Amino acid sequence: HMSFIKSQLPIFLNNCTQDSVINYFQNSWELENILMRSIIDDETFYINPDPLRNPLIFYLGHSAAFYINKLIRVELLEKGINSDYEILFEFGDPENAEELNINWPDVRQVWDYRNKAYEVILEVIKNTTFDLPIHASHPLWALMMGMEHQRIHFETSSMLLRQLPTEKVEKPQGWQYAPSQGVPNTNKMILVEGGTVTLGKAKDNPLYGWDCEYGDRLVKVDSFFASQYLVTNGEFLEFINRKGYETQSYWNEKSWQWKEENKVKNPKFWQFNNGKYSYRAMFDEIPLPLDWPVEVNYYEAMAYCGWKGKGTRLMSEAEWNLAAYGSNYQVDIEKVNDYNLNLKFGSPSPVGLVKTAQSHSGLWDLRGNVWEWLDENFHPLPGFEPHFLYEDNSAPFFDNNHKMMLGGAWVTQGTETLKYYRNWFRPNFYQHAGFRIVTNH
């Protein structure tokens, strides 16, 4: 599996020494540099490959600016590097390309700002006492935030690069896709015994987390059936061949309108040619990996559920937590090595290939491989409180227009690989995300 490109595991707040944080910081930055350096021509930075997101030049400077602004806010920095850039590269969620649709700086100028910002932050780390443990009311929380924010944008930007033509990107040395064993095994429904789970994260938990992660909610989860694997490309191919995209009964009025307006006939990263479907990995087009989890948005996942019928649905946040972590929990960061997470592979993996990736529930790849959609409107947990460093992180998206996803993907790094991270997206948006199907009986 992908070894030459290595991502350092997250660190508990009680072990965030200066040395370890220096290493984690350097790894966070170098990884984004590798991805950004995969764009061959600088003119390509002014393309917005995703019609719902900004140009790539924005994301070149966004992670660096975020560091500086948060450090300034906690007064670990007395001044920034470029106030204009710190404004331009700050504001990052439209429902249409029209809504989404400024004079951007040159590519060299943004790289220069990145380089200056890196050295500035490194000096802050080398000249600040790391009095253990770090915590939410500690100024260094701003640094923890920036490093996790940079790693999140490694993922979001990977999606942008995937939407660029293959001829405009260059695969980094060591990038390695998972294998394909061909046709997938049978996807059996597994009974997940009912139980009670506690959602949320305590304020004194020794791990960095975003505001929406914190709170406390007990939820009694009734037993339910779930597919042992995420729905595979092969399984979704059947849905297509049975006219899944052409039968309104499987969709709803909102989802059908999306599909028609975007003239969708297949998942975003499939392409039909010569009687066969090709599939777009990060940097190359390859024969469709039939045993990999299918990558779809929420509308498409629900259309598949509609074709399956019989009340087929998606899990709730509580249902996923029960299946993944049970009713018990002390996080063991080393367990991230047991799942397709943290760049073990540079791609999705065949369901069940990572033999260490079966949860005690019997379900495979609940953690890792690809994010999995949930029928759960993004919402606060009892006890939620915005953090002064980033009050608009999650609160504006408690609007019943965002569905959640959990577990992490092959590209996911940092604290986002662990139990408490809560993810969300508009249901039409594409990520490294798939789904599994659920029935109550």
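A residue's number is simply how far along the shown sequence it sits, counting from 1.
- Modelled in this chain, residue 120 is likewise resolved in all the other entries of the protein that span it on both sides, not missing from even a third of them.
- Compared with other PDB entries of the same protein, residue 102 is missing from at least a third of those that resolve the residues around it.
- According to the entry, the stretch of the deposited sequence that connects residue 248 to residue 249 contains no residue lacking coordinates, so the chain runs unbroken between them.
- Missing deposited residues between residue 101 and residue 102: 4 to 9, all without coordinates in the entry.
- According to the PDB record, 304-312 carries the higher mean C-alpha B-factor of the two stretches 342-350 and 304-312.
- Of the two segments examined, 251-259 and 79-87, it is 79-87 that shows the higher average Cα temperature factor in the deposited entry.
- Considering 282, 145, 120, 366 together, the PDB entry gives 120 the largest C-alpha B factor.
- The PDB entry assigns the greatest CA B-factor among 180, 233, 266, 158 to 180.
- Residue 44 sits in the highest third of its chain by CA B factor, as recorded in the PDB entry.
- For residue 439, the recorded CA temperature factor ranks within the highest third of the chain's modelled residues.
- When the modelled residues of the chain are ordered by their C-alpha B factor, residue 56 lands in the highest third.
- Ranked by Cα temperature factor within the chain, residue 9 sits in the middle third according to the deposited record.
- Sort the modelled residues of the chain by CA B factor and residue 16 lands in the highest third.
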